[PDB]
Amino acid sequence: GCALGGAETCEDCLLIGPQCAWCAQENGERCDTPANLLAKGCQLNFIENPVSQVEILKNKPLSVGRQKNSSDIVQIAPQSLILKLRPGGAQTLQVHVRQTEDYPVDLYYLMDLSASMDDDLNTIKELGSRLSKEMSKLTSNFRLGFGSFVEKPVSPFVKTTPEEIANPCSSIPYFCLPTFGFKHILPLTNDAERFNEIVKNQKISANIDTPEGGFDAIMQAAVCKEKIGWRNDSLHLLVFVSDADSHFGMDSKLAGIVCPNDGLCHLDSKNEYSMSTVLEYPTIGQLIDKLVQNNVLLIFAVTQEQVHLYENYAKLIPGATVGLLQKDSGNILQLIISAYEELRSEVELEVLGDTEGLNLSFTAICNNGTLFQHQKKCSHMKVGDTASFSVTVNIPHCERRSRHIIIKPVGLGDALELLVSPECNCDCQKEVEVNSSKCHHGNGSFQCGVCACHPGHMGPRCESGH
Amino acid sequence: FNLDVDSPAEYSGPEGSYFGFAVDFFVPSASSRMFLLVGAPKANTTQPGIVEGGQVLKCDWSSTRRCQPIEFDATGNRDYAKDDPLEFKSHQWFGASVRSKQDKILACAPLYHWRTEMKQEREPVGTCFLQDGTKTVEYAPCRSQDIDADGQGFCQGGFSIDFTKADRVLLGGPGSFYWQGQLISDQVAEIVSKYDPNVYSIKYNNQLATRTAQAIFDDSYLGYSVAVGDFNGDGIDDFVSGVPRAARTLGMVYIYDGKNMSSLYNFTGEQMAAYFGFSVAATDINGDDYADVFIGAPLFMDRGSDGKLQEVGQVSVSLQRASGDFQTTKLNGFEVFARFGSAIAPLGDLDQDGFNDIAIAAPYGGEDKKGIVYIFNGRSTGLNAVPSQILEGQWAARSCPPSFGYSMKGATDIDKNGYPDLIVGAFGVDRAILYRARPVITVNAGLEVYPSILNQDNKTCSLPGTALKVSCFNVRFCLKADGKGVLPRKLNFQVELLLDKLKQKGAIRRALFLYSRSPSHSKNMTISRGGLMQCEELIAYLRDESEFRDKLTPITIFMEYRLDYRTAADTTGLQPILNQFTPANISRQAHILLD
Amino acid sequence: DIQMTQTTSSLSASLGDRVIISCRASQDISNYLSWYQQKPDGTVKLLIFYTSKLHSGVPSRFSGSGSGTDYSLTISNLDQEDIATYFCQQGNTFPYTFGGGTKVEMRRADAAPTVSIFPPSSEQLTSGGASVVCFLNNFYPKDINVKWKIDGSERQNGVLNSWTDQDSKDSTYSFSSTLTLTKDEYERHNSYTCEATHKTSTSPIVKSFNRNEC
Amino acid sequence: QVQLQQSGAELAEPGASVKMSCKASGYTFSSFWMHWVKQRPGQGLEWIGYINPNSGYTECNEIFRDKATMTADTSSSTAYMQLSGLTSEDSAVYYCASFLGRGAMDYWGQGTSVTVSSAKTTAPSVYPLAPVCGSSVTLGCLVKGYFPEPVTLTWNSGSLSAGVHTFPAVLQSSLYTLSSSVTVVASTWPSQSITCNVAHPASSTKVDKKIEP
Ligand SMILES: *[C@@H]1O[C@H](CO)[C@@H](O[C@@H]2O[C@H](CO)[C@@H](O[C@@H]3O[C@H](CO[C@H]4O[C@H](CO[C@H]5O[C@H](CO)[C@@H](O)[C@H](O)[C@@H]5O)[C@@H](O)[C@H](O[C@H]5O[C@H](CO)[C@@H](O)[C@H](O)[C@@H]5O)[C@@H]4O)[C@@H](O)[C@H](O)[C@@H]3O)[C@H](O)[C@H]2NC(C)=O)[C@H](O)[C@H]1NC(C)=O
Ligand SMILES: *[C@@H]1O[C@H](CO)[C@@H](O[C@@H]2O[C@H](CO)[C@@H](O[C@@H]3O[C@H](CO[C@H]4O[C@H](CO)[C@@H](O)[C@H](O)[C@@H]4O)[C@@H](O)[C@H](O[C@H]4O[C@H](CO)[C@@H](O)[C@H](O)[C@@H]4O)[C@@H]3O)[C@H](O)[C@H]2NC(C)=O)[C@H](O)[C@H]1NC(C)=O
Ligand SMILES: *[C@@H]1O[C@H](CO)[C@@H](O[C@@H]2O[C@H](CO)[C@@H](O[C@@H]3O[C@H](CO)[C@@H](O)[C@H](O)[C@@H]3O)[C@H](O)[C@H]2NC(C)=O)[C@H](O)[C@H]1NC(C)=O
Ligand SMILES: O=C(O)[C@H](c1ccccc1C1CC1)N1CC[C@@H](OCCCCc2ccc3c(n2)NCCC3)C1
Ligand SMILES: *[C@@H]1O[C@H](CO)[C@@H](O)[C@H](O)[C@H]1NC(C)=O
Ligand SMILES: [Ca+2]
Ligand SMILES: [Ca+2]
Ligand SMILES: [Ca+2]
Ligand SMILES: [Ca+2]
Ligand SMILES: [Ca+2]
Ligand SMILES: [Ca+2]
Ligand SMILES: [Mg+2]
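Residues numbered from 1 in each chain as written, not as in the entry; some residues may be left out. Chains lettered and ligands numbered in written order. Heavy atoms only, no water.

- As stated in the entry header, the method of structure determination is X-ray crystallography and the reported resolution is 2.49 Å.

## Notes on the site of ligand 1
- The immediate surroundings of ligand 1 are formed by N232, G233, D234, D257, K259, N260 and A322 of chain B.
- Take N260 of chain B: an N or O atom from its side chain is 2.3 Å from an oxygen atom of ligand 1. (Near = heavy atom within 4 Å. Polar contact = N/O pair within 3.5 Å; in protein donor to acceptor, adjacent residues only side chain to side chain.)

## Looking at the coordination of the calcium ion (ligand 8)
Residues and elements named next belong to chain B.
- Bound to the calcium ion (ligand 8) on the protein side are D230 (OD), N232 (OD1), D234 (OD), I236 (O), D238 (OD) and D238 (OD), at distances that span 2.3 to 2.5 Å.
- What the six donor atoms of the calcium ion (ligand 8) show is an angle range of 54 to 161° at the metal, which sorts the shape as irregular.
- Donor residues for the calcium ion (ligand 8), ordered by position in the chain, follow D-x1-N-x1-D-x1-I-x1-D.
- For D230, a relative accessible area of 17% gives the class buried.
- A residue is classified by how much of its surface remains accessible, and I236, at 27% relative accessible area, is partly exposed. (Donors = N, O, S within 2.8 Å, 3.2 Å for Na, K, Ca; no water. Tetrahedral: all angles 85-135°; square planar, octahedral: opposite > 155°, others 65-115°. Buried < 20%, exposed > 50% of the residue type's maximum accessible area, 1.4 Å probe, protein only.)

## Quick look at the state of the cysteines
- Going through the model one piece at a time under the given rule, you end up with 22 disulfides over all chains.
- Note that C13 of chain A is cross-linked by a disulfide to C31 of chain A, the S-S spacing being 2.0 Å. Measuring handedness by torsion sign, the sulfur bridge of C13 of chain A and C31 of chain A sits at about 80° and is right-handed.
- The exposure class assigned to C13 of chain A is buried, which follows from its relative accessible area of 1%.
- Here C60 of chain D is not disulfide-linked; the sulfur of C96 of chain D is the nearest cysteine sulfur, at 15 Å.
- Since its relative accessible area comes to 30%, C60 of chain D is described here as partly exposed. (Disulfide = S-S within 2.5 Å.)

## Considering the interface of chain A and chain B
- Facing 50 residues of chain A, the contacting portion of chain B comprises 50 residues.
- At the boundary of chain A with chain B, total buried surface from both sides reaches about 4300 Å², with 61% on carbon and sulfur atoms.
- Taken together, chain A and chain B are joined by five salt bridges.
- As a salt-bridge pair, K159 of chain A and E121 of chain B come within 3.9 Å of each other at their nearest N and O atoms.
- Elements with a minimum of two residues in the side of chain A that touches chain B: α10 (284-293), α11 (304-316), β11 (347-353) and β12 (359-366) of chain A.
- Tallying contributions element by element places α11 of chain A first for the side of chain A that touches chain B, with six residues.
- Grouping the constituent residues of the side of chain A that touches chain B by class yields 22 nonpolar, 19 polar and nine charged. (Contact = heavy atoms within 4.5 Å. Buried area = accessible area lost by both parts, 1.4 Å probe. Salt bridge = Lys/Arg side-chain N within 4 Å of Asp/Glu carboxyl O. Helix = DSSP H or I, 4+ residues; strand = E, 2+ residues; numbered from the N terminus. Nonpolar A, V, L, I, M, F, W, Y, C, P; charged D, E, K, R; others polar.)

## Points about the UniProt feature "disulfide bond" in chain B
Residue and element names in this part refer to chain B.
- Of the disulfides listed in UniProt, the one linking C108 with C128 is reproduced by the coordinates, which place the two sulfurs 2.0 Å apart. Highlighted residues: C108 in strand β10 (residues 104-109) and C128 in strand β12 (residues 127-131), separated in sequence by 20 residues.
- Between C142 and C155, for which a disulfide is recorded in UniProt, an S-S distance of 2.0 Å is seen, short enough (under 2.5 Å) for the bond to be assigned. Linking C142 in the loop between β13 (136-139) and β14 (160-163) with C155 in the loop between β13 and β14, this pair joins segments that are 13 residues apart in sequence. Neither residue differs from the other here; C142 and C155 are each classed as buried. (UniProt positions renumbered as here; feature names shortened; annotations may be inferred.)

## Examining the coordination of the magnesium ion (ligand 12)
All names here are of chain A.
- The magnesium ion (ligand 12) binds to the protein through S114 (OG) and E212 (OE), with metal-donor distances spanning 2.1 to 2.2 Å. A residue pair is termed long-range when its members are at least 10 positions apart, and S114 in the loop between β5 (105-112) and α4 (118-123) and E212 in the loop between α7 (192-201) and α8 (214-223) qualify at 98 residues.
- For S114, a relative accessible area of 4% corresponds to the buried category.

## As for the domain arrangement of chain D
- As assigned here, chain D comprises domain 1 (3-116) and domain 2 (125-210).
- One C-alpha centre belongs to domain 1 of chain D, the other to domain 2 of chain D, and the line joining them spans 36 Å. (Domains from an automatic or database assignment.)

## Considerations on the site of ligand 4
- Within the structure, ligand 4 sits among 16 residues, and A206, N207, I208 and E212 of chain A together with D218 of chain B are positioned closest to it.
- Residue neighbours of ligand 4 fall on chains A and B, so the site bridges chains.
- Between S114 of chain A and ligand 4, the recorded distance is 3.3 Å, taken from a side-chain N or O atom to an oxygen atom.
- A distance of 2.7 Å separates a nitrogen atom of ligand 4 from a polar atom in the side chain of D218 of chain B.

## Some thoughts on the pattern of salt bridges
- According to the stated counting rule, one finds 45 salt bridges over all chains in the structure shown.
- Here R403 of chain A ties to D354 of chain A by a salt bridge, and the two come within 3.3 Å at their closest N and O atoms. Remark: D354 of chain A occurs in the loop between β11 and β12 and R403 of chain A occurs in strand β16 (residues 403-409); sequence separation between them is 49 residues.
- Judged by relative accessible area, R403 of chain A falls into the buried class, the value being 6%.
- Across the pair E87 of chain B and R78 of chain B runs a salt bridge, and its minimum N-O distance is 2.9 Å.
- With a relative accessible area of 1%, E87 of chain B lands in the buried category.
- Take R78 of chain B: its relative accessible area is 28%, and that puts it in the partly exposed class.
- Three or more residues are tied together by salt bridges with common partners; here these are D73, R78, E87, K89, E138 and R143 of chain B.

## Remarks on the UniProt feature "binding site: Ca(2+) 1" in chain B
Residues and elements named next belong to chain B.
- Under the UniProt annotation, "binding site: Ca(2+) 1" lies at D230, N232, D234, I236 and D238.
- Relative to the assigned elements, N232 resides in the loop between β18 (225-229) and β19 (238-243).
- Leave out the neighbours within four places in its chain, and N232 touches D238, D257, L264 and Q320.
- If you trace the backbone, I236 turns up in the loop between β18 and β19.

## Considerations on the sheet that holds strand β35 (residues 431-435) of chain B
Residue and element names in this part refer to chain B.
- The strand order across the open sheet built from four strands is β1-β35-β34-β33, with neighbouring strands paired in antiparallel fashion. The strands lining the two open edges of the sheet, one partner per strand, are β1 (9-12) and β33 (407-412). Averaged over all pairs of adjacent strands, the angle between strand axes in this sheet comes to 15°, irrespective of strand direction. (Pairing = 2+ DSSP bridges. Axes fitted to C-alpha atoms, helices over the stretch in contact; angles between N-to-C directions.)

This is the structure in structure tokens:
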């Protein structure tokens, strides 16, 4: 079975299989299934084959009911583990998630302000107060902010004549402001009336080509934690409101912009995105990285003509969803509540960090016991219901460094810290007994019931000199 | 594998000029010296009033690596009227694309803006300049009377270019017709003969151009990239073009007939926004005289071992078949966010083995985004999926990434050593690098062990000095080599043999060499190209049965041969290399007779 | 609109001569003036654009000059195939407007017209109606007047005239005049006279016939 | 090798409409504007306007705003113009001309004549013209009252061309009239026979009129 070519050392024996074993002294095939070692007479004390084990460091119980104190909320249990994994073998972690009845919510309203969105502005003059009134029924800490985007203000996406730069709608005629990439206008605040006030004072802009530069704004809203005002331990809803598709990656090459987006925050003194004319649009891969890293739930609120496209984008983006937006944003309030309600009825697992090279299997156990599914998500659950997951972890080979991993629910701040430290050595490998009498008067070291020879000596006990 | 990386030729341009954004070879039609063409599209020029107009530099080879600008246009902006410029050459990006065929050089400014004669506008129609020899003409096929975004006003003609083998131009204009994009093809004869500087929109007879289509195709970027090759077997090069926003961001590649611009074939990407079509190339990679299509999708995301999406890039290889179909295969990048596939450069037959080869760039891989270029060798089945060489940039920048590999050009034997060579631009550090291909030595090695079966009881050999009776056998190792191109007549090989190589650390080796009484035997050698199978015999024996109780595992006789590269240099300084695809180790095995 | 005016509607010239055709605009047209040649058969070619730019395919003999409001085309070494009509056209502002044109005719030695008068045919008279036709052929210059006299009185009423283009081989013109009556009116009078006045002879050339006589 | 081929002559009654074509070859039809020019018989050149063939956009002289509409079929490289509400003042030759740029039109079609009358197709009456009862003699042929243009006239089937003066037709009571003289040596007529061959294709007419006295 496990006995195979090579496998003449304990460490080398462990590598070929997770279920293999080792022998010592009684007695060159000491590597085999433990049953086989017992069958041929290997004492039980000798083997000491390592087995994967879990140490629990933090396992505070999941909180139950509304918590008047933010610090008593517990939505993922356990909160910290050490996983000592023997290579070739796997361990299955049981993770439990329950949403708290009152979790704070942050919502950033990120709106296309090109010329077809002027009607949209008129119908959301009181969205701030309408939205916060509804959200008050669901959470006691709702904050909302506002940001706007159009397009990289460079040729060939905008007109470059003096008249058109000053007023990109002067041709209609209509009053528009010069094209702009991304304006961050209001950090998240409780004050919904303030949100209403800035919306009323917004004026549209315009540009030439249909796809817009929202991805630039999405990236900025996700990464600029301080200036946007995302707070820890709350939902982060980024509501992307547009009636057009989106430029991405190297589209900017048309304008001579050929330096990749860097995923950093670049908001200047006017709170405008300063690298708009300097760096390429983000790629989907780049947006996935930063949306997950900053725990931002993206909501594409887009028109009928764009819904199918953005659904395809949402498939690739953890936590992202799409809502069908009316031509005048008349239903944006209902879109938000629906997305939030869906999010509060779901639990989806995430595995972040030093994970490249691992194998991960997920089984979800919804409804406590009845339902077993081979996914990482439980749906149609009431707030307070618990979703459990079997996370199986395997390390295919040996490694020196440990791995720092995070298992958490999408959208929520509660995180399970996981350290994976593979074990490839045998307890007997640290008692070398160098220059041992056993290996021909000191021609080798006697390690694990075997002779490891000195240079210049060959044989099972190092008894031939070369 | 045979590119010289130890001492390449390094060329620099003015800081911030994006020197190296585009590269090509120049082979004038006089069997004269050869040069490098390097586009520096942000370089300042002496054109009155013009800022960062860009330039194209001609770089000498083996004469202190000097580059001088090619004077395509010394003038600034023409006026429609006093204080009313007809055109705007600043930041026009002249040199964003440079292509050369024999005497002709074509270079374009995809951000050249033009006012038009009816109204005051700034329409980025793009312009090109064609230098055929003494004569230079402008070529702005999108500077037409079809104004504005819905027309060709934002066409950015020259965004990508190429030559056909029959001296047609292929020009890509990604902005035409509300960014549907457009391909245009004109005979160079027309471009120079119809040229009249008094006429801003020139009527070229026999022009081939794609046509405006339904609005659903808007914002597709036809002409983002182009290549040429025959794909209906009629001898006329056909037009390949990347359309990276087509099919709702899946990306597509269109192939049009090079005779009438009729649509021939289509490719479509598999993933949202992978930028399928950012680069295209056509070259017969498997030696059947049918051009094969290469399509880069630099943002393509792969599924990792952990099930997480990871952006690594992907190149697809489509082998053309006589039946008109294609036989497609995918090739994945290696580093996350490295954008494997941003550039794809046909190399010709880099190692002169019979099959053309290809370089694929990952301009943002490497240490600190230094950039990486992968060499892939061809073979009759297609492309060899494992790269035989890995070129690594050597410079860092403090503003924009070095982008080593963003542009590349091969298939030109600049040093006349018999093997094509490679130019690599790195515009983020204002650098371009020429890699010369070293020659390849193919070695035929034979190893014979006789008798194959060894009887311990049978002893016919005597040990060195005064000892007797050891069971022996003969080991004969042979070596033969040959090469193509300029090469030294004599080659210095170093050979080593190891008896019973199977037995590793701490295990008895049963076979030993007669004289040395050791299981290893080294040997310097010397063989000349195309020479005979220079052999050498030596004798080995077995230990006493008393010393080893393993008589079951075979006794492998391992042979290794390598070359010392310094001794084989040339006037160029170019050491040859061993054929990496033929293994430089061979092994036979003897067996102990059992009774 | 810009009014263009070529003061001279017609001019004469011999082979090899230098012809200068003038053109004037009501307003400044910023050197946006073109010249076109129209041949007897209606063919139109562009010769000169932007005041002085030679269109591809047209001979170097043609050249153009001017600025502001006054412009002129110039033919050096007049070729036979240059006998044509030349128009100027401002392209500075819409609508594009042309000049009236300037015809160029070959110079020739003065020539007297051969005049022939013809009584109405028997065929025509069977239908009622009677046409008297007078042909004045191969004369130079082009200017010519015809008076139809019946019985010492000019009819000057039912006459139709047709002129030829200048002949290519020789630079003469030709002229057809037809007086049409009813057969009743025709048969009431006796003499029918065709009178031609030309520059070459102060005395009008007269051709006539008497219906009764023979 | 730029060529603009225009459709044939058009005949239309007053108040009707006509539509003429202009097919371009030798350049990319979509990339250049097509202009239209009106010229009345014996008159000068009048500018109608232009079309941008790729976008269908047009601009007209104020005169022809309601009268003319320009269109373009890019698949067939053809520009069309339609005249509507036809009067006698619309009778003219209409040219198409490609736009050079620089306020100039670089290539012209051959023109399409448009005639507006109420006449119906009518065969000509061919009348011989002999002198009244002298080194050279001049004979003639009167072609009276036909419609529409054109007619073809020849003397002795075209054997006599020099010394022949055929005159352009004139409008005579809403119908066309035309005449032609032929001159020969006096000693060669009536000794030899001279015949006027007149063909009016629109009526399948072919008259041969000999001249005897
Ligand atoms: C735009 O240009 C296109 C190319 O000019 C044109 O395509 C051409 O269309 C015409 C008419 O539609 C075809 O002529 C017809 O041919 C068929 C049968 O043709 C078969 O035989 C010929 C002859 O073979 C020889 O030449 C080829 C060179 O191509 C050599 O390799 C070969 O060894 C022989 O010496 C062959 O060319 C044809 O091959 C074409 O088609 C096959 C099947 O589709 C493909 O497998 C192949 O790759 C190639 O595309 C074919 O086997 C005959 O029945 C008819 O009577 C007529 O004579 C041309 O062959 C064809 N040429 C091509 C496709 O290259 C487009 O029509 C034109 N479009 C527009 C809008 O202008
Ligand atoms: C590779 O992929 C490209 C991109 O998809 C394909 O190119 C498209 O091909 C389609 C099919 O031929 C083209 O659509 C066709 O356009 C014709 C042109 O329309 C003219 O007239 C309309 C009238 O309003 C105008 O709007 C338009 O602008 C043009 O002026 C239509 O006439 C065609 O209609 C015919 O086919 C349809 C098919 O459903 C029928 O319903 C109709 O009744 C009629 O028979 C058709 O719609 C499209 O324009 C092409 N786009 C581009 C960008 O080229 C290639 O075909 C494909 N090649 C291969 C080998 O796969
Ligand atoms: C080519 O020459 C031009 C000058 O003719 C150089 O541009 C000039 O230099 C820098 C651009 O790198 C500009 O100064 C910078 O201005 C910005 C904005 O004001 C500011 O943020 C920086 O701190 C710095 O002061 C300067 O305005 C610019 N002038 C122009 C463009 O008119 C250009 O760098 C040269 N390029 C090369 C490749 O040599
Ligand atoms: O969002 C913006 O800021 C402006 C905008 C929105 C509303 C009001 C005003 C404006 C801008 C001008 C002020 N949008 C951005 C894109 C533009 O619309 C692109 C129409 C494409 C349809 C079409 C039409 C015709 C053709 C084609 N496509 N494709 C083949 C050629 C013919 C207007
Ligand atoms: C929570 O916020 C504090 C400061 O407000 C910050 O130090 C900490 O890093 C945040 N949480 C995490 C997980 O970073
Ligand atoms: Ca709207
Ligand atoms: Ca846009
Ligand atoms: Ca072809
Ligand atoms: Ca091939
Ligand atoms: Ca090769
Ligand atoms: Ca070489
Ligand atoms: Mg918009």
